[PDB]
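Asks: Below is one structure. I have some questions about it.
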Amino acid sequence: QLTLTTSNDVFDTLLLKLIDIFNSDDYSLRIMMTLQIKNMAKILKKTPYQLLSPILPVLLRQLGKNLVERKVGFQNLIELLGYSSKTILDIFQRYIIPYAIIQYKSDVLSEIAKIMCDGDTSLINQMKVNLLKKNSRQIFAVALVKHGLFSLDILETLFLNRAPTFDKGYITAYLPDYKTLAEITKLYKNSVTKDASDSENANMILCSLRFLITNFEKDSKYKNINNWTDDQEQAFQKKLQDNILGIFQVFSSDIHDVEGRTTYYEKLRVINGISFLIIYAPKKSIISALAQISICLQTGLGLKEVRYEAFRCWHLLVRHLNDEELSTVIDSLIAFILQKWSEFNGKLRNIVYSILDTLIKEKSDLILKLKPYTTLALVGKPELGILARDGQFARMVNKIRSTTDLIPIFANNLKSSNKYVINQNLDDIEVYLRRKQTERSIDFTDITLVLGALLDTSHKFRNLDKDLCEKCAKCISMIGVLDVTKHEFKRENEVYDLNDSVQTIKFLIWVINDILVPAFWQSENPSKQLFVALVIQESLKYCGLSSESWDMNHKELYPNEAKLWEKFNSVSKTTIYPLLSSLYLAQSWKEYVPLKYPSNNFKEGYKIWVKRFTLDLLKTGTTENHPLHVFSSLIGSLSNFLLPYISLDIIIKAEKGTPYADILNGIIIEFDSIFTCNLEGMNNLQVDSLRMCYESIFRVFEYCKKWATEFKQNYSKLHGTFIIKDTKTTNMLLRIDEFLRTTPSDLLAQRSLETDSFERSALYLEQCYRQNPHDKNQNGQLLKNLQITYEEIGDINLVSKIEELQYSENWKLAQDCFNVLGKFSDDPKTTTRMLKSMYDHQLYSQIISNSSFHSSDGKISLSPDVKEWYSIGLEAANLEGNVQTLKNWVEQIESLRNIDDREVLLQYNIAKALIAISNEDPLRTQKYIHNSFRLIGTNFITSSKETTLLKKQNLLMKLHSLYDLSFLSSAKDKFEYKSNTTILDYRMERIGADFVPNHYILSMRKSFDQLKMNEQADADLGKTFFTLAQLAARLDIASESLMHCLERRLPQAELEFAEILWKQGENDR
Amino acid sequence: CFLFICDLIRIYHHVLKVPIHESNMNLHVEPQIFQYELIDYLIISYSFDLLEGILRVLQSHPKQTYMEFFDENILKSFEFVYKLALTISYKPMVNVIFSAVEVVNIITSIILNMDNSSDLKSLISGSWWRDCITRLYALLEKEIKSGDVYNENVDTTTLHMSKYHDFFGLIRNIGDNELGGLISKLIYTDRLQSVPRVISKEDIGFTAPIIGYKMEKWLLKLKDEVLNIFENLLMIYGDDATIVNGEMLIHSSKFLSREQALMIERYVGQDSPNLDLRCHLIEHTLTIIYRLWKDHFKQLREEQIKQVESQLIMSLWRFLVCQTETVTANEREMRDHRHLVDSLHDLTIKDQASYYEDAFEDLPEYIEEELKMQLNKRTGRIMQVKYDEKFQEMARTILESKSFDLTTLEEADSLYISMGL
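So the protein lines, in turn, are chains R and U.
The numbering of the first sequence is this note's numbering, which starts it at 91 and goes up by one.
The numbering of the second sequence is this note's numbering, which starts it at 2 and goes up by one.
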C-alpha cells in the first residue's frame, strides 16, 4: 500500500524494493510478494508485466550478472510476470544484453542462446551474432563503460570475449551510430544529487561518447578527461549533432514503441538520454535538439508514470535553453500543467512549481514578452498558486492583459495543434469572455479571427474529441452569433515562382514552414525523420551559407546569409537553422517500376501509385536543379500537399525538346484516369481513398493555376509593353490551352460533389462552361446537382412556375403555396420545401401548428429517413414553445431506434434541456446542454476556405441560444443574476444587430428569464420580453411570442404587440 | 419466448454493443434517451429475467423430463445474446450483465440438477461453456467504483449501471429504479400516444449514496452468484474439460485474493454494508478453492500451478495467520470490532429482535449466550481473523497438503512461523 500511495519515481523505487523482498532467497517472502503484487496489479487495473516492466529492466540488470545460478529467480520472475522469457528479452534487450556482455568472460550469452534454442541446437553462435547485430550499440557503450577502455586491442578482445562472429575487426564503422550514441546517452542514469559513483559513471559514459570511430583504428582508456582536446570540440559536436537526430529518433523508437510489450521504463530512459545530451552538449547540439524532441518527451509526459521524470527533463531543458529562444515549446508545458493540475500530486506539483519559478527567475522576457497568453493563463488558473510562487509578478500579468489588445495572440496560440494546448486555450477563452461579458468589454461596438480559429479546431475534430468539441462549441456560443457587421469575418499569398533567386528562396521559406513544422515537427517514424534530415540538408544547401562559417554577427563579414535568415521568419529560422551544421548526402537512387498504368491507379489510389508517380515526375523535371528533387524519398503523411507542391515544373515546355511535356500530358491523363475510376459501384474503399486523390488533383490544378496567375500579375506590375517577351506568352497560353482542353465535365462534377466540397466543381465547371453552347442545352444532366450540393454548402411545368416569388421579398404567397401543397401531407420533397421555406423567415409556431403529431396520431412514428420535418420543426417549438409545447413534441421526437440524425438531435437536446428546466434542475440541464454542444460542435461545422458564416446562420444562432440556455460562470451567482438583467442588455453587443438572429437587446433577455422561471422569476419571464419585439413583416412568430407574454400584462410587451401589428403595415389601429 | 427475445436482442445490437468510450469517430451525442434506451434495455433485462423464470419452470420441473427445453438453439441464441451483453469490447450495462450471468447461473444449476447429465453435457459444447467463462472471468475481474458508478467510468472494468440506463429488473431490484419514476412519466397517461412519453437519460440521475450502497450490495451478491456458479461448474465436471483447466484455480483464487487484499486494505475500515456479505462469500470462494484443490486436484498441472502458485499459497497463508487468536477468544472487545465494522449487522441484530422475528423479543437466555460469541466471530470474519474452525482448517489444509509441493518443505517453517507450526 505504501507503493500504492507513492507516485511515479518513489513508487518505482519501492516496487524495486518489493521485487527485492520477492527474490529474497525464501519461499515465504517470495510468495507473499507474489500475492501482493498480483493483487496490486489487477486491482490497479493494470497487468503485472505492465507494472513491472517499469522496474524489470533494472531487475534483469541486477540479475543478468548471475543468471546461470539464478534460473530459479528468473523463472519465479517470469511466472509472476505472466509472460515468457523471450517477450521481455527482446522488448528489453536494449538493457539486458549490454549488461550481460561485460560480466565475467565465462559469459551467460551462450546460455541465453540456448534459451533461444531450447527445442533445438541450431547454432548458439548464430543466435548470439544476430542478437549482437540487433543490439550492437549499448554493447560498445558498456565495453567502454562497464569496464572502461578504448584501446582497440582489449576493446576488440572484449567484443569477441565469447562473440567471435563480430569479426572482420569491426563490422560497418558505426561506433558513432545514431543508435550507438542514443543507447549510450540513454545510460545517463542521473538522480537528484551527485553521488561519487553516479557522477563518475556519467563522466565515463561521456568518455565513451568522446571515443568514436575516429580513433577506433588508430588508438588511453577514456576513463578520465586527461585525454580530451579543447579544440576538436566544435567539429566534435558537429558530428554529434548529426548524431542527435537519429539519437532521439531511436528515442521515439523506444517510446513510440509499437510493440506493446514496451512500457515506460524505456520512456524515462529516453528522459535520461535527452538530459545527458543537452547537458554535456553545447548550444548547437541543444538547438538541433528541438524539433522532434518535444514530441518524444511529450509522449513520455502524457504517460502517467513518467510524468515526474518528464518534468525533470523538461526543467533541465528549461535550464538548457534560455529566454530569447525556445518560447515555441512553453505552450505544451503550461498547457499540460494547467490541464492536469487537478491531478498533480505533491512531487509533481513542486517540480512544476520549480519549472515556473525557474521560468520567472530567467525568462520573464520569454513568458510575458513573447507568449502573453502564458501569463494570462498562469493567472487565469490561479488555484495552482502562481501568486504563491511569485506574487509580485501579478502586477506584470496585469500589465500583460491591459497593455495588449491580445485577441490575435489568443487566436494564434489557439491555432495550436493538439488537444492539451488548445484545451487550456479554450479554458482561458472561457474566463476571458466571462470577464469581457461581465465588464462589457469584449471589443464589439481578432475576436472574429479567434472565433474562426476555434471553429477550425472544432472541424479538425469533426469526428474527433467530442469533449473539446463541446468546449469549443460553448466557446463559440459564449463569443456569440457574429454576422461580420461590427467586425469582419476573414479567411495564394506572396509573389512566387521557380525561376529567380530571392523569390525561389521565399518559396522555400514557404516550403520549410509548410512541410517541416506541420508534418515533420509532427512525424513519428524514425526512418521518416531521417528523411526529414535529408530534405533539410537540401534546404540548408539551397540556403547554403551559415552552414560552413557564417554566424550571427561574430564577424559580420558578409550580409548575404544574414539577410537571408533575417528575411526568414523566426519560427522558420529556429526550426531549421540548427541543422545547418549537418552535411549529409543521399544514395544511389532506387528502382523505377514505370508509370502511366491506370490499373494500378485504380487498385492503388494514393497509397503508393501517385507517390511513385510524383517520384518519377520530380526526378525527371528538376534533377537536383531545385530543392524539389531529393524529397524523392517521401517514404503517406504530407500527401495531398506535396503531389501538387512538386507539380509546377511545366515552364520548361516552352520549346520542350524533352519528354517533359510528354509526361505533362501523361500526368494530366493519369489524373483523368483517377477520374475514370468513378465509384465503379463500390463502397467506402472508393468513397475515401480515390476521393482524397480527387482533392489531391484539385490542389494540383489549383496550384498550376495559381502559379500562372501570379506569373502574370507580378511580371506586369512595372509596365505592360513586353507582352510576348521571348516565348513566355506561348508557354503560358499553351498550358492554359491544355487546361481548357482537359475537362471531363460530367465525371468531374459528379465526383466533385461526391466529396463534401463545392468550389472544385464550381471552378472546373466554370471554365468548361466558358466552353459551352450559348443556349443552355448541355445543362440537362448537370442542373439537378448544384440544387443538392447547395442544400449543405449553404450558398443557397406548373409547380416549376409557382416558386417564382418564393423568397423574393414577398413570402406569404409562395409560402402558403407550400403550406397548401403540403396539406396533402403526401409529397415529402415539397414537404421539406414547405417547412424550410416557412422556416427561413421564422414562422416557427405555424411550423409546430402544421404538426402531424398533436393530431389524430402522433407524428411520423419512429421517424425513418423522413425525419427532416422534425428537424425543421423542433427548433420551431424550441424557441417558440413552452412546458406543454416542448414536452408534447419532446415525447414525439425521440421516436427513432438509432441516434442517426444530427439536426433534429441537436434541437432534441435543447428541447429536452427545456423540459429539463421544466423539471427545474439547472445543473443537469447544463448536462443536456453539454450533450447539445458536443453534438453541434462535432457534427455541424466544417473548415474555412469554403463558407463565410452568413450560411452557418442556423448553426451559430443555435450556439448563441445554447449558452443562454445553460451556462454558469459569469452569471452563476445570484448577485450576478440581478445585475445580469442589466448585463443581458449587453448580449446584442457580442451577438450583433441583424434581425435574423443577431439582434439580442432584450430578445435574448426574453430567454434568460424564460430559462430562469420560478414563481417570481416565472412572472418575470414575460416581463423580460419588454423590448424583445422591438425588432419585429414576418411577425407571425413575434405575434405568438407576444401573446404568450401579454398573458402577464406587461405594458412594454403590449406596446410591442401594437408594434408588430403596425409593422405589418397599418397606421391608425 | 426464450429464443424469441434472444433474436430480439440480436435485433437491438446497437445499445448492448455501444463503444466502450465512444472512440472519437463514435460519439455519445445520443438524444439523452432512456426513452428508447428503456425500450431496448427493458426488453433485454425483462426477457433475461423471463429466461431465468423459464429455467425455473424447468428448474423445479421434474428431472425425468429434462431432455426437451435444452437444445443447441437455446445454447446458440444465448451465445449471441450473452456475447452482445457481456461486451468485452464495448460499454455494456449492468442490468443486462446481471441478467446474462444469472441466466448462466440457472443454466449451470440445471446442468447439475439434470439426472441423465452426460448426454446434455455433451450437448452443451465445452468451447461454449468456455465462451461463457472467458466473459465471466472477465466479469469477476471487472470492478466496482461506487463514487462514479453513476458516471461514464473506465473501459468496462467499472460495473456502473449508469443512471443513463437505470431501473430495477424483475426478480431483483439493483438500481434506484429512478427511471421507474420516469415510467411514471412513460406515456402521456392522458393521451393515446403513438410514440411514448420520454424517460430521459439525463433527467434520470449528496442525496442518498445508500443508492450506490444497495446496488453494490447487489454487485456483491452478483459475485456471490458468480463464485457459486463457477463452483457449480466445478461440480458439473468431476472429470472435466477446457472450462476448468486450472483456470478455475487461476481466476477463482485471483478473485479470492483480490478480495482478501481489498477487504483488508480498504473495506474493513471502509466498514460499510458490504463487509459481512463479502467476507462470508469470499471465505466461501476460499472453500471453492479448497474442494477444487482436493478433489479436482487431479487436473491442475505444473504450468498453471506455476502461473498462480503465488495467489494460491499466500491467500491460504493470509487466512492461516489467525487460529490461535490470543486477542479475545470471547466477547470483550472483539465486540468493539463488531461495532467498528459489524455495526451494520448490529443494526441487523437490533432490527431482527425489535422488528423482524416473532420470537426474538424477550430473549430466552439460551440465545444471547450464543450471540456474544457468534456475532463476534461474524465480525472477526469481517476483520480477517477468527474464521470458523471449519474455515481456518480449510485454508490450512489447502496449503499444508504436502502431497503436492505447493510449499517448499524447507520453507513451510518460515511460512507457518508467522503463526506457529
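Where is the CB? At the ideal position from N, CA and C, for every residue including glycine.
For the alpha helix (DSSP H) containing R:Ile-740, list its first residue and its last residue.
Replies: Residue mapping note: residue 740 of chain R aligns to position 650 of the first sequence, counting from 1. Premise fails: R:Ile-740 is in no alpha helix (DSSP H) and is neither H nor E.
Asks: Given that residue 1 of chain U touches chain R, what residues does it touch there, using C-beta distances under 8 Å?
Replies: Lying before the first or after the last residue shown, residue 1 of chain U is absent from chain U, which here runs from 2 to 422.
Asks: What number of angstroms, rounded off, separates the C-alpha of U:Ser-48 from the C-alpha of U:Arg-379?
Replies: Your numbering for residue 48 of chain U matches position 47 in the second sequence. Your numbering for residue 379 of chain U matches position 378 in the second sequence. Each residue's Cα considered, the two are about 38 Å apart.
Asks: Suppose contacts are defined by Cβ-Cβ distances below 8 Å. Is R:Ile-666 in contact with R:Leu-572 by that definition?
Replies: Position 576 of the first sequence, counting from 1, holds the residue named residue 666 of chain R. Position 482 of the first sequence, counting from 1, holds the residue named residue 572 of chain R. Not closer than 8 Å, so no.
Asks: Do U:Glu-103 and U:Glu-53 come within 8 Å of each other at the CB atom, strictly closer than that value?
Replies: Against the second sequence, residue 53 of chain U aligns to sequence position 52. Against the second sequence, residue 103 of chain U aligns to sequence position 102. Yes.
Asks: To the nearest whole angstrom, what separates the beta carbons of R:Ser-941 and R:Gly-963, a pair I think is in contact under 8 Å?
Replies: Against the first sequence, residue 941 of chain R aligns to sequence position 851. Against the first sequence, residue 963 of chain R aligns to sequence position 873. Correct: roughly 7 Å between the Cβ atoms.
Asks: For R:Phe-914, is the classification buried or exposed, using 16 other Cβ atoms within 10 angstroms of its Cβ as the cut-off for buried?
Replies: Sequence index remark: in the first sequence, residue 914 of chain R carries index 824 (1-based). Exposed, by the Cβ-count rule.
Asks: Hey, is R:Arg-1014's beta-carbon within less than 8 Å of any beta-carbon in chain U?
Replies: Position 924 of the first sequence, counted from the start, is the residue given in the question as residue 1014 of chain R. Judged by the 8 Å Cβ criterion, R:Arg-1014 is in contact with chain U.
Asks: Just curious, the alpha helix (DSSP H) that R:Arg-491 is in, first and last residue?
Replies: For this step, residue 491 of chain R is matched to residue 401 along the first sequence. Segment 484-493, the alpha helix (DSSP H) holding R:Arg-491.
Asks: Around the Cβ of R:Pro-1087, are there at least 16 other Cβ atoms within 10 angstroms (buried) or fewer (exposed)?
Replies: The residue you call residue 1087 of chain R lines up with position 997 of the first sequence. Burial call: buried.
Asks: Indicate whether at least one CB of chain U lies closer than 8 Å to the CB of R:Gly-726.
Replies: Residue 726 of chain R sits at position 636 when you count from the first residue of the first sequence. Not an interface residue.
Asks: Identify every residue that forms a DSSP beta bridge with R:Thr-283.
Replies: Counted from its first residue, the first sequence places residue 283 of chain R at position 193. Answer is none; R:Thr-283 lacks a bridge partner.
Asks: Below 8 Å between beta carbons: does that hold for R:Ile-377 and R:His-405?
Replies: Here residue 377 of chain R corresponds to residue number 287 of the first sequence, with the count starting at 1. Here residue 405 of chain R corresponds to residue number 315 of the first sequence, with the count starting at 1. Cβ distance not < 8 Å, so R:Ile-377 and R:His-405 don't count as in contact.
Asks: Nearest to U:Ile-175 by CA position, among U:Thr-109, U:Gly-206, U:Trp-219, U:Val-30, is which residue?
Replies: Locating residue 175 of chain U in the second sequence gives position 174, where the first residue counts as 1. Nearest C-alpha to U:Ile-175: U:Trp-219.
Asks: Taking R:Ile-424 as the reference, give the member of R:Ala-371, R:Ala-381, R:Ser-375, R:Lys-509 with the closest Cα.
Replies: Here residue 424 of chain R refers to the residue found at position 334 of the first sequence. Among R:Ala-371, R:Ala-381, R:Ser-375, R:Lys-509, the Cα nearest to that of R:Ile-424 belongs to R:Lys-509.
Asks: Below 8 Å, can you find three or more Cβ-Cβ pairs linking the stretch 17-33 of chain U to the stretch 1016-1030 of chain R?
Replies: Because the criterion of three Cβ pairs below 8 Å is met, the stretch 17-33 of chain U and the stretch 1016-1030 of chain R touch.
Asks: Below 8 Å on the Cβ atoms is my contact criterion, and I expect R:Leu-239 with R:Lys-311 to pass it. Report the Cβ-Cβ distance as a whole number of Å.
Replies: For this step, residue 239 of chain R is matched to residue 149 along the first sequence. For this step, residue 311 of chain R is matched to residue 221 along the first sequence. The pair is a contact, with the Cβ atoms about 4 Å apart (cut-off 8 Å).
Asks: Considering only C-alpha positions, which residue in the set R:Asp-1108, R:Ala-563, R:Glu-578 is nearest to R:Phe-534?
Replies: For the purposes of this step, residue 534 of chain R is taken as the residue at position 444 of the first sequence. When only C-alpha atoms are compared, the closest one is R:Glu-578.
Asks: Name, going along the chain, the residues of the stretch 532-562 of chain R whose beta-carbon falls closer than 7 Å to a beta-carbon of chain U.
Replies: Of all residues in the stretch 532-562 of chain R, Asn-553, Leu-554, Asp-555, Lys-556 have a Cβ within less than 7 Å of some Cβ in chain U.
Asks: Between the Cα of residue 1206 of chain R and those of R:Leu-496, R:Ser-506, R:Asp-546, spot the shortest distance and give me the residue it belongs to.
Replies: Coverage of chain R is limited to positions 91 through 1159, which leaves residue 1206 of chain R absent and any answer about it impossible.
Asks: In the structure shown, what three-state DSSP assignment does R:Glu-785 receive?
Replies: Your numbering for residue 785 of chain R matches position 695 in the first sequence. It is helical.
Asks: Hey, would you say U:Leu-257 sits closer than 8 Å to U:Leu-221, going by beta carbons?
Replies: Position 256 of the second sequence, counted from the first residue, corresponds to residue 257 of chain U. Position 220 of the second sequence, counted from the first residue, corresponds to residue 221 of chain U. Going by C-beta atoms, U:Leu-257 is not nearer than 8 Å to U:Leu-221.
Asks: Tell me the rounded alpha-carbon separation between R:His-644 and R:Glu-638.
Replies: Against the first sequence, residue 644 of chain R aligns to sequence position 554. Against the first sequence, residue 638 of chain R aligns to sequence position 548. The straight-line gap from Cα to Cα measures roughly 13 Å.
Asks: If you measure from the beta carbon of U:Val-155 to each beta carbon in chain R, is any gap under 8 Å?
Replies: Translated into the one-based positions of the second sequence, residue 155 of chain U becomes position 154. Closer than 8 Å: yes.
Asks: Should R:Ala-1006 be flagged as near chain U, meaning a C-beta pair shorter than 8 Å?
Replies: Position 916 of the first sequence holds residue 1006 of chain R. Output row for R:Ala-1006: interface = yes.
Asks: Any Cβ of chain U within less than 8 Å of the Cβ of R:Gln-91?
Replies: Against the first sequence, residue 91 of chain R aligns to sequence position 1. Yes, its Cβ sits closer than 8 Å to a Cβ of chain U.
Asks: Run through DSSP, which three-state label would R:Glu-1079 get?
Replies: Locating residue 1079 of chain R in the first sequence gives position 989, where the first residue counts as 1. Three-state result, R:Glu-1079: helix.
Asks: What's the gap between the Cα of R:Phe-621 and the Cα of R:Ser-143?
Replies: As a working mapping, residue 621 of chain R is identified with position 531 in the first sequence. As a working mapping, residue 143 of chain R is identified with position 53 in the first sequence. Straight-line Cα distance between these residues: approximately 32 Å.
Asks: Going by other Cβ atoms of all chains shown within 10 Å of its Cβ, with 16 needed for buried, is U:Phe-392 buried or exposed?
Replies: Locating residue 392 of chain U in the second sequence gives position 391, where the first residue counts as 1. So U:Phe-392 ends up on the buried side.
Asks: 8 Å is my cut-off, CB to CB: does R:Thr-1028 come that close to chain U?
Replies: Taking the first sequence and counting its residues from 1, the one referred to as residue 1028 of chain R is at position 938. Yes, its Cβ sits closer than 8 Å to a Cβ of chain U.
Asks: Where R:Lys-328 and R:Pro-734 are concerned, what is the direct C-alpha to C-alpha distance, given to the nearest angstrom?
Replies: Position 238 of the first sequence, counted from the start, is the residue given in the question as residue 328 of chain R. Position 644 of the first sequence, counted from the start, is the residue given in the question as residue 734 of chain R. Near 35 Å, if we compare the C-alpha coordinates of R:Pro-734 and R:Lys-328.
Asks: Does any CB atom of chain U fall closer than 8 Å to the CB of R:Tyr-998?
Replies: Here residue 998 of chain R corresponds to residue number 908 of the first sequence, with the count starting at 1. Closer than 8 Å to some Cβ of chain U, the Cβ of R:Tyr-998 qualifies, so yes.
Asks: Give me the Cα-Cα distance between R:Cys-207 and R:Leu-153, rounded to the nearest whole angstrom.
Replies: If you number the first sequence from 1, residue 207 of chain R lands on position 117. If you number the first sequence from 1, residue 153 of chain R lands on position 63. Distance between the alpha carbons of R:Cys-207 and R:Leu-153: 21 Å.
Asks: Thinking C-beta only, is R:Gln-1120 closer than 8 Å to R:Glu-1137?
Replies: Stepping through the first sequence from its first residue, residue 1137 of chain R is reached at position 1047. Stepping through the first sequence from its first residue, residue 1120 of chain R is reached at position 1030. Taking 8 Å as the Cβ cut-off, R:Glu-1137 and R:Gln-1120 do not qualify as a contacting pair.
Asks: Give a yes or no on whether the minimum CB-CB distance between R:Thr-124 and chain U is below 8 Å.
Replies: Numbered from its first residue, the first sequence carries residue 124 of chain R at position 34. It does: the Cβ of R:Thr-124 has a partner Cβ on chain U nearer than 8 Å.
Asks: Rounding to the nearest angstrom, what Cα-Cα distance links U:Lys-77 and U:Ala-101 in this structure?
Replies: Along the second sequence, read from residue 1 onward, the residue named residue 77 of chain U stands at position 76. Along the second sequence, read from residue 1 onward, the residue named residue 101 of chain U stands at position 100. So the alpha carbons of these two residues sit roughly 14 Å apart.
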